[PDB]
């Protein structure tokens, strides 16, 4: 989505987000955070995490004490909820407005990127995936959770196709495909699980080569 359309959509979402979309995606969110928590600590016994599209910060309270998490988002409305609820937590290093297409962080500066329900929203996902590879240290990981549209005939595929023109009203691309997370050759796809709701979501871990 164009960035201004992201802002407009998530201004509307923010007051209901946690009790609606956020609530039905909590299991996958917890699972993603559990994976991140389990990764062997980086330097000084800390795991430095970049939360791309941190939103209202529903993942934040689940990060273990050894995590240092930096969250970025495009939406003030969403981010202010993350601030209000979680801004004082010791694991939370900062919460900033930043566009994932252009990350103001050094090459190889993070151990982990978290990208939950965001890659199907961003403008120019090709640019985002390149930035993810750039900021990840060798052997680092991106833990992603996204809906991918299904291939072929049938009712799900048809509804995904019908919702594609509605992106700016909905807040995401319903036709988002797996290929759009795999455009960057420095990121090798590993663990893949289908998660609720209704088997719509894919957890996909990407390893920095």
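Numbering follows the first chain given and starts at 1.
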| property | result |
| --- | --- |
| Higher-B stretch (mean Cα B-factor, as the entry records it), 35-43 or 176-184 | 35-43 |
| Greater mean Cα temperature factor according to the PDB record, 103-111 or 87-95 | 87-95 |
| From 150, 159, 58, 52, residue of greatest CA B-factor | 150 |
| Position of residue 143 among the chain's modelled residues by C-alpha B-factor, lowest, middle or highest third | lowest |
| Modelled-residue ranking by C-alpha temperature factor, third containing residue 28 | middle |
| Third of chain Cα B-factors occupied by residue 137 | highest |
| Third of the chain, ranked by Cα B-factor, where residue 16 sits | highest |
| Modelled-residue ranking by C-alpha temperature factor, third containing residue 163 | lowest |
